[PDB]
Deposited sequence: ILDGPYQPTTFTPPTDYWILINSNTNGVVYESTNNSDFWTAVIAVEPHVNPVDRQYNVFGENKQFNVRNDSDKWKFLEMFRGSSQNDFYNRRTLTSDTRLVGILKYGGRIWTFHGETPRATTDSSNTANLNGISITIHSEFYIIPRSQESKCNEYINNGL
(Lines of atoms letter the chains of each structure in order from A and count residues from 1; the text may use other names and numbers.)
(Lines give C-alpha, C1' and ligand atoms only; values in the text may rest on other atoms or scores of the structure.)
Protein backbone atom coordinates (compact mmCIF):
# COMPACT_ATOMS: atom_id res chain seq x y z
CA UNK A 1 0.00 0.00 0.00
CA UNK A 2 2.31 2.86 1.25
CA UNK A 3 5.72 2.97 -0.54
CA UNK A 4 8.06 1.91 -1.82
CA UNK A 5 10.40 3.68 0.68
CA UNK A 6 14.18 3.58 -0.03
CA UNK A 7 16.66 1.70 2.19
CA UNK A 8 17.13 3.57 5.53
CA UNK A 9 17.35 3.19 9.33
CA UNK A 10 14.33 4.13 11.50
CA UNK A 11 12.36 3.22 14.66
CA UNK A 12 9.10 1.57 13.45
CA UNK A 13 5.84 2.69 15.22
CA UNK A 14 3.65 -0.18 16.66
CA UNK A 15 0.74 -1.81 14.67
CA UNK A 16 2.26 -1.48 11.07
CA UNK A 17 3.62 -4.33 8.90
CA UNK A 18 6.99 -3.48 7.29
CA UNK A 19 7.11 -5.41 3.99
CA UNK A 20 10.63 -5.57 2.51
CA UNK A 21 11.04 -6.33 -1.23
CA UNK A 22 14.33 -8.26 -0.94
CA UNK A 23 16.33 -7.62 -4.15
CA UNK A 24 19.80 -9.11 -3.28
CA UNK A 25 21.57 -12.09 -1.65
CA UNK A 26 22.96 -10.46 1.52
CA UNK A 27 21.65 -8.79 4.70
CA UNK A 28 17.96 -7.73 4.22
CA UNK A 29 17.52 -5.93 7.57
CA UNK A 30 19.29 -5.52 10.94
CA UNK A 31 17.06 -4.83 13.99
CA UNK A 32 18.22 -4.15 17.58
CA UNK A 33 17.34 -2.30 20.80
CA UNK A 34 20.99 -2.83 21.94
CA UNK A 35 19.74 -4.66 25.12
CA UNK A 36 17.81 -7.94 24.65
CA UNK A 37 17.07 -8.09 20.88
CA UNK A 38 19.33 -8.55 17.82
CA UNK A 39 17.83 -9.90 14.55
CA UNK A 40 19.46 -9.92 11.13
CA UNK A 41 17.77 -11.53 8.11
CA UNK A 42 20.24 -12.99 5.54
CA UNK A 43 18.95 -13.68 1.96
CA UNK A 44 20.32 -16.87 0.30
CA UNK A 45 19.77 -17.24 -3.48
CA UNK A 46 18.25 -20.47 -4.81
CA UNK A 47 20.62 -23.39 -5.47
CA UNK A 48 23.80 -22.68 -3.49
CA UNK A 49 25.93 -25.42 -1.83
CA UNK A 50 27.02 -24.91 1.83
CA UNK A 51 29.23 -21.76 1.90
CA UNK A 52 30.76 -19.77 4.80
CA UNK A 53 29.85 -16.11 3.97
CA UNK A 54 31.02 -12.93 5.75
CA UNK A 55 28.36 -10.32 6.65
CA UNK A 56 28.85 -6.89 8.27
CA UNK A 57 26.03 -7.11 10.90
CA UNK A 58 25.71 -4.36 13.61
CA UNK A 59 29.26 -3.15 12.82
CA UNK A 60 30.83 -6.64 13.30
CA UNK A 61 32.03 -9.13 10.61
CA UNK A 62 30.18 -12.43 11.22
CA UNK A 63 30.70 -15.71 9.31
CA UNK A 64 27.44 -17.61 8.67
CA UNK A 65 27.34 -21.07 7.04
CA UNK A 66 24.39 -20.92 4.55
CA UNK A 67 22.97 -23.38 1.98
CA UNK A 68 19.94 -23.53 -0.36
CA UNK A 69 18.99 -26.69 -2.31
CA UNK A 70 15.60 -25.21 -3.38
CA UNK A 71 14.23 -23.11 -6.30
CA UNK A 72 13.11 -20.50 -3.67
CA UNK A 73 14.93 -17.77 -1.72
CA UNK A 74 15.89 -18.60 1.89
CA UNK A 75 15.62 -15.73 4.42
CA UNK A 76 17.52 -16.87 7.53
CA UNK A 77 16.57 -15.04 10.76
CA UNK A 78 19.78 -14.76 12.83
CA UNK A 79 18.96 -13.95 16.48
CA UNK A 80 20.87 -13.22 19.70
CA UNK A 81 19.43 -12.03 23.03
CA UNK A 82 22.54 -10.10 24.21
CA UNK A 83 25.78 -8.55 22.83
CA UNK A 84 27.74 -11.58 24.30
CA UNK A 85 25.42 -14.37 23.01
CA UNK A 86 26.22 -16.17 19.72
CA UNK A 87 23.83 -15.60 16.77
CA UNK A 88 21.74 -18.66 15.84
CA UNK A 89 19.33 -19.36 12.94
CA UNK A 90 16.08 -18.99 14.96
CA UNK A 91 13.68 -19.11 11.96
CA UNK A 92 13.74 -19.60 8.15
CA UNK A 93 11.34 -18.18 5.51
CA UNK A 94 11.49 -20.11 2.18
CA UNK A 95 9.90 -17.84 -0.44
CA UNK A 96 9.28 -17.47 -4.19
CA UNK A 97 7.85 -13.94 -3.51
CA UNK A 98 11.04 -12.46 -1.90
CA UNK A 99 8.88 -10.46 0.59
CA UNK A 100 10.01 -10.32 4.25
CA UNK A 101 7.63 -8.89 6.89
CA UNK A 102 8.07 -7.46 10.41
CA UNK A 103 5.48 -6.06 12.86
CA UNK A 104 5.79 -4.50 16.33
CA UNK A 105 2.67 -5.40 18.37
CA UNK A 106 1.66 -6.50 21.88
CA UNK A 107 5.21 -6.40 23.30
CA UNK A 108 6.38 -8.73 20.48
CA UNK A 109 8.14 -8.68 17.10
CA UNK A 110 6.14 -10.75 14.56
CA UNK A 111 7.70 -12.19 11.40
CA UNK A 112 6.74 -14.86 8.79
CA UNK A 113 8.51 -18.25 8.68
CA UNK A 114 8.07 -21.59 6.88
CA UNK A 115 7.54 -22.05 3.13
CA UNK A 116 5.32 -19.92 0.81
CA UNK A 117 2.48 -20.17 0.11
CA UNK A 118 1.87 -21.52 3.68
CA UNK A 119 4.32 -19.27 5.62
CA UNK A 120 2.86 -18.41 9.09
CA UNK A 121 3.52 -15.61 11.60
CA UNK A 122 5.63 -16.17 14.76
CA UNK A 123 6.59 -13.89 17.69
CA UNK A 124 9.78 -12.95 19.59
CA UNK A 125 9.42 -11.39 23.09
CA UNK A 126 11.37 -8.26 24.09
CA UNK A 127 11.52 -6.19 27.35
CA UNK A 128 12.06 -3.06 25.17
CA UNK A 129 9.89 -3.10 22.00
CA UNK A 130 9.86 0.75 21.73
CA UNK A 131 13.72 0.83 21.55
CA UNK A 132 13.90 -1.56 18.52
CA UNK A 133 15.12 0.26 15.37
CA UNK A 134 15.79 -1.31 11.98
CA UNK A 135 18.21 -0.77 9.07
CA UNK A 136 16.49 -1.95 5.83
CA UNK A 137 18.83 -2.73 2.90
CA UNK A 138 16.04 -2.99 0.22
CA UNK A 139 12.93 -0.96 -0.80
CA UNK A 140 10.01 -1.49 1.66
CA UNK A 141 6.26 -0.87 2.20
CA UNK A 142 4.23 -0.01 5.35
CA UNK A 143 0.71 -1.50 5.83
CA UNK A 144 1.27 -10.64 0.33
CA UNK A 145 4.15 -12.64 1.93
CA UNK A 146 2.72 -15.91 0.52
CA UNK A 147 1.09 -14.45 -2.66
CA UNK A 148 3.14 -11.33 -3.66
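Undergrad: Missing CA coverage against the deposited sequence, listed in sequence order.
TA: Unmodelled stretches, in sequence order: 1, 145 to 154, 160.
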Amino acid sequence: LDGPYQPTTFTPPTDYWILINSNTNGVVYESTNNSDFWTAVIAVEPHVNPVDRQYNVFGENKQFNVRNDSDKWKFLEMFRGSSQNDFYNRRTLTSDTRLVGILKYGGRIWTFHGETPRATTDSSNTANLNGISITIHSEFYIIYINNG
From here on, numbers count along this sequence of modelled residues.
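Undergrad: If you average the CA temperature factors as listed in the entry, which stretch comes out higher, 39 to 47 or 81 to 89?
TA: The stretch with the larger average C-alpha B-factor is 81 to 89.
Undergrad: Going by the mean C-alpha B-factor recorded in the entry, which is higher: 128 to 136 or 9 to 17?
TA: Mean C-alpha B-factor is greater for 9 to 17.
Undergrad: Determine which member of 34, 31, 95, 111 has the highest CA B-factor, using the values in the deposited entry.
TA: The listed residue with the largest C-alpha B-factor is 34.
Undergrad: Is the Cα B-factor recorded for residue 66 in the lowest, middle or highest third of its chain?
TA: Ranked within chain, residue 66 CA B lands in the highest tercile.
Undergrad: Among the modelled residues of its chain, does the C-alpha B-factor of residue 26 lie in the lowest, middle or highest third?
TA: Lowest third - that is where residue 26 ends up once the chain's C-alpha B-factors are sorted.
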